[PDB]
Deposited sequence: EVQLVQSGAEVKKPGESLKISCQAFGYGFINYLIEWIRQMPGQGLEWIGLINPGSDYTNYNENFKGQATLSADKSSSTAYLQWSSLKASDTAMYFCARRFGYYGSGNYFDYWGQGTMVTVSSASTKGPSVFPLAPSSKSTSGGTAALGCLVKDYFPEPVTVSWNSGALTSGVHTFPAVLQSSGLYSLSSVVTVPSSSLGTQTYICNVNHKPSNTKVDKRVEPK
């Protein structure tokens, strides 16, 4: 087995620069061909570049020469991606990968790092506000929580401390014009249970150390 481990998720402002790492665990780093590929959420794959740590060889996507610098330290088997003058539209999941060997080698690999999430935005770390989506009018009822105005991603949401998962839908976040994120989490339950069962949503936004439990009651 070979494995690629990338550095942690980055949050930057427009105009700033980043440097993300991709560490290799294997024999013969110097004959690797390491690629970098990014993916905006919901979007396609964009090829950035390829590097051969054992030579001077880099190949770049012309659209990114000027922002992107590929490099590698042979002593630590780590490859690097530098990106200057970040733009909001550079927000993406960034992967390193080892897919090929030299042409003619017969080699085909499928080694991908776990990806490094890069968020480029002019906004500042902020915990969410949690508002209830209350049920109303022996069939089935719906209820939820609104998780509003937080930054950056992600947030996690559970119901009754994880004891409820059936009928739960936790929607993907949407970026508001404020630069803050907003999502709902909902759940459908029998309307006969509305007087008996307590419903609490557990919203956890690590980046700001916010942890909130909101009780969701009728009326």
Exercise for the section: Spell out the unmodelled ranges of the deposited sequence for me, N- to C-terminal, numbering from the first residue. Expected result: 138 to 141
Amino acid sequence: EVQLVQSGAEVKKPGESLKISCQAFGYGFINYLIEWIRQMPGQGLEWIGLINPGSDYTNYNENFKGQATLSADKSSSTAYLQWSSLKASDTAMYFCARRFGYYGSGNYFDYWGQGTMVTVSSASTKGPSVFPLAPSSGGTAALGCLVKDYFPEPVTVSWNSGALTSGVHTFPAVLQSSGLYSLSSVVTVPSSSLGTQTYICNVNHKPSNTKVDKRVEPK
From here on, numbers count along this sequence of modelled residues.
Practice task
Going by the average Cα B-factor in the PDB entry, point out whether 47 to 55 or 26 to 34 comes out higher.
Solution key: 26 to 34
Exercise for the section: Check the entry's C-alpha temperature factors for 11 to 19 and 205 to 213, then say which stretch has the higher mean. Expected result: 205 to 213
Practice task
Would you mind checking which of 136, 116, 82, 105 has the top Cα temperature factor in the PDB entry?
Solution key: 136
Practice task
Using the entry's values, work out which of 140, 71, 77, 89 has the largest Cα B factor.
Solution key: 140
Handout entry: residue 144, C-alpha B-factor rank within chain (lowest, middle or highest third)
Key = middle
Handout entry: residue 178, C-alpha B-factor rank within chain (lowest, middle or highest third)
Key = middle
Problem - CA B-factor placement of residue 192, once the chain's modelled residues are sorted into thirds - result: highest
Handout entry: Where the record places residue 97 (Cα B-factor, split into thirds across the chain)
Key = lowest
Completion exercise
Quick tally, chain-level thirds of C-alpha B-factors: residue 152 sits in the middle
